[PDB]
Number of protein chains: 2
Amino acid sequence: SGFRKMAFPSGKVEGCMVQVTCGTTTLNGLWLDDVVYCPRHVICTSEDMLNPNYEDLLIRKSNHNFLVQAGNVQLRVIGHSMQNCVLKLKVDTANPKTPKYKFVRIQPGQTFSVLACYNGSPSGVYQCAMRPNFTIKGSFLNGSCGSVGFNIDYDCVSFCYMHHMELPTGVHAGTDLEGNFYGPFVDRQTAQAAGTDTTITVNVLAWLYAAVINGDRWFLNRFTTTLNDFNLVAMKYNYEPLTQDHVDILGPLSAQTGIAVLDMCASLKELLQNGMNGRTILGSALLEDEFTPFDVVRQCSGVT
Amino acid sequence: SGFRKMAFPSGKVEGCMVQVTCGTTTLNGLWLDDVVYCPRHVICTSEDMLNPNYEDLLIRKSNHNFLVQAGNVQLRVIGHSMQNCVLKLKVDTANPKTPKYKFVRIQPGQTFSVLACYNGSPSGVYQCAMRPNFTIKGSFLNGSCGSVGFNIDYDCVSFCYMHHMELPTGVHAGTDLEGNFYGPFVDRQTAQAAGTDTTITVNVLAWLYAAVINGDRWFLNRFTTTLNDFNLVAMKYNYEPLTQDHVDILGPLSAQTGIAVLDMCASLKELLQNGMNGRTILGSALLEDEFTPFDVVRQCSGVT
Ligand SMILES: N#Cc1cccc(CC(=O)Nc2cccnc2)c1
Ligand SMILES: N#Cc1cccc(CC(=O)Nc2cccnc2)c1
């Protein structure tokens with residue numbers, strides 16, 4: 001019973017967080033095996049951020065200029081290299097707490113947990129989604145750069161995000177663990193605007209399935225629709241187009257509840273056109289889109 | 001930038017989760033030092049739950065009847081005792097991962113993180129609040145009993161909740177770590193109804209302060225009110241009465257934003273009377289009450 005915005009347990013990632021300092025800049029790093037990953041903007045002064053030439057800035061740095069601290073003990077840096085927008089600092093000690101891991105680049109609409117850190121110390125964990133405009137709506141202050149996003153499949157941590165920047169609108173941008181930004185963003189103190197933050201339709205449908213499984217059924221109607229008809233309404237409401245791939249992914253939820261995917265689409269269409277009328281679904285007054293179909297199945301079945 | 005429903009990092013609590021089996025019932029336990037704490041209803045069959053006499057049921061149990069497994073290794077039970085609604089199983093090995101800890105009994109309106117577990121294995125972490133009717137709105141399936149609620153102050157874990165039951169309405173009830181239920185609930189398969197789930201006013205005000213700090217200011221109005229006037233409106237909307245103690249606790253947020261507490265109360269009064277008009281605050285279409293004033297300060301300052 002009940003449906004919560006749930007994050008993965010963070011212990012496996014807590015054992016990987018370190019503090020990286022270069023000059024007067026301190027941010028977080030991720031220590032896996034004998035490598036520490038961190039945003040390359042750790043080498044910048046606030047002045048350098050206006051128009052940085054990272055290759056040029058890096059020439060003035062040596063291994064001893066990168067201070068890596070894991071708990072209250074210093075790690076020895078024996079190598080450093082830049083890969084896209086991340087720095088990889090080779091240390092002489094493999095992290096004894098390195099979990100089984102993979103680096104994955106997620107698609108928009110995919111969710112992940114974030115372990116927000118400051119000075120290499122974890123402060124909190126929350127669940128979020130890669131928005132269709134390639135931003136994330138996180139909770140990050142100065143010093144949170146290098147905090148990471150991840151998913152866990154039993155004992156393997158798939159790292160998908162590393163925090164780099166806050167846009168002038170207060171939304172966040174970052175990279176995968178290969179240092180490639182999600183979206184068109186760059187690590188520069190220049191005004192960068194985000195595109196339309198559309199709603200992740202397949203996630204809203206997954207969450208409507210979660211509501212039916214948990215007893216919230218008031219919104220279920222006597223109508224059905226087609227993919228083309230639904231998508232005309234979705235376009236009008238800045239919802240992402242629903243494809244047959246999305247319908248396929250919702251199959252197990254449709255099977256569990258006995259509600260055909262297109263019937264749930266018709267319920268969603270009426271919610272868009274009529275509003276909630278002061279009612280709530282799963283304690284929310286708006287349609288939630290940061291639960292994927294896989295998250296709904298996992299939470300409703302108790303996958304550990 | 002940004003404000004998220006954030007849980008404490010769960011690693012310290014993950015290292016304490018064990019599986020406790022008695023006969024055909026399996027639930028979670030919390031292993032601290034050489035004691036494993038778990039709901040006493042682990043000794044019951046589904047038939048015993050209709051009208052259990054726990055003292056009588058316990059006479060038929062011996063130390064060897066309680067199977068405690070930590071990872072893939074079995075712990076030896078050398079003693080067992082019942083304290084209110086929890087069983088304390090003394091084991092021959094102190095948990096090597098025992099963090100610094102305290103057992104606290106929280107007040108309604110207080111928030112905590114929950115590490116939801118199945119078979120002694122963590123599946124997720126979420127943030128919740130002890131409701132004014134002493135229920136929690138969690139996300140728990142069968143097998144989640146023994147999952148715990150906690151707060152962390154730097155390196156000390158204060159355990160405040162242990163999950164025991166799901167009421168017929170799908171809301172949850174549990175105990176503190178001394179085994180005393182929050183509210184009037186009992187560990188019996190009998191219909192128990194919850195009282196009015198009123199809104200935690202001081203938490204809503206804290207969250208309105210968080211919205212102003214993060215740029216959402218549309219709801220700020222040109223009015224002020226008094227505690228007595230505000231409380232007449234709060235009673236009408238099933239909001240908890242606001243006291244001078246609550247105003248005192250909101251002082252640092254009032255100081256940071258320059259918005260007097262009673263002025264924020266007047267904004268809240270207008271939100272209650274006029275509704276949101278299809279607008280959102282911090283991405284929500286309803287007033288959020290599961291952030292305490294301390295949580296807002298912690299998240300907005302980056303306490304690790
Ligand atoms: N890449 C990059 C980058 C470019 C310019 C400036 C900065 C600094 C920055 O955005 N910090 C920050 C504050 C608050 C939240 N999250 C992050 C980072
Ligand atoms: N004390 C107690 C108690 C009494 C009767 C029955 C039960 C079983 C029960 O409520 N499980 C459960 C399911 C789903 C979520 N959380 C928990 C527990």
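Both backbone and side-chain heavy atoms feed into the values below; hydrogens, waters and symmetry mates do not. Here is how names work: the chains are called A, B, and so on, in the same order as the sequence lines, proteins then strands, and each is numbered from 1.
You'll find the side chain of B:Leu271 reaches within 4.5 Å of the side chain of B:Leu208, heavy atoms only. Side-chain contact check for A:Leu272 versus A:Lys236: every heavy-atom pair is 4.5 Å or farther apart. Side-chain atoms of A:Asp187 and A:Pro39, non-hydrogen and from C-beta on, never get closer than 4.5 Å to each other. Looking at A:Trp207 and A:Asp295, their side chains never come closer than 4.5 Å, going by heavy atoms from C-beta outward. You'll find the side chain of B:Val233 stays beyond 4.5 Å of the side chain of B:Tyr239, heavy atoms only. Two residues are said to be in side-chain contact when any heavy atoms from C-beta on lie closer than 4.5 Å; A:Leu67 and A:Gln69 fail this criterion.
Not a single donor-acceptor pair under 3.5 Å links the side chain of B:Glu14 to the backbone N or O of B:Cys16. Checking side-chain atoms of B:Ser10 against main-chain N and O of A:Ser10 turns up a donor-acceptor pair under 3.5 Å. Looking at B:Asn28, its side chain does come within 3.5 Å of a backbone N or O of B:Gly120 through a donor-acceptor pair. Under a 3.5 Å cut-off, the side chain of B:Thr98 and the backbone N or O of B:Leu32 do not form any donor-acceptor pair.
Of residues 297-304 of chain A, those residues lying under 4.5 Å from chain B by any heavy-atom pair are A:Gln299, A:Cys300, A:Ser301, A:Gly302, A:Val303, A:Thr304. For residues 273-292 of chain A, the interface with chain B (any heavy-atom pair closer than 4.5 Å) comprises A:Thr280, A:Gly283, A:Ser284, A:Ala285, A:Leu286, A:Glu290, sorted by residue number. For residues 123-146 of chain B, the interface with chain A (any heavy-atom pair closer than 4.5 Å) comprises B:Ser123, B:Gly124, B:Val125, B:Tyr126, B:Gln127, B:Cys128, B:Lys137, B:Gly138, B:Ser139, B:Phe140, B:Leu141, sorted by residue number. Contacts with chain B (heavy atom to heavy atom, under 4.5 Å) involve these residues of residues 150-168 of chain A, listed by number: A:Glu166.
Rounded to the nearest 0.5 Å, atoms CE (A:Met6) and OG1 (A:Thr111) are 12.5 Å apart. Atom CG of A:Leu220 is separated from atom CD of A:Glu270 by 12.0 Å, given to the nearest 0.5 angstrom. Of the inter-residue distances, the one linking A:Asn214 atom CG with A:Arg217 atom CZ reads 11.5 Å to the nearest 0.5 angstrom. Here the CG-CD distance, from A:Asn203 to A:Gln110, works out to 7.5 Å after rounding to the nearest 0.5 Å.
Of the two parts of B:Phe3, only the backbone, made up of N, CA, C and O, holds a non-hydrogen atom closer than 4.5 Å to a non-hydrogen atom of chain A.
Here B:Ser1 is the residue among B:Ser121, B:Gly11, B:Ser1, B:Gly2 with the most heavy-atom pairs under 4.5 Å with chain A.
The minimum heavy-atom distance linking A:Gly15 with A:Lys97 is given by the pair O-CB, 3.7 Å.
Heavy-atom neighbours of A:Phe294 CZ from other residues, nucleotides or ligands within 6.0 Å: at or below the threshold of 12.
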Derivation of the side chain to side chain donor-acceptor pair (under 3.5 Å) call for B:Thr201 and B:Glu240: CA-CA 6 Å; B:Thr201 313; B:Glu240 281 294 287; over 6 Å; no
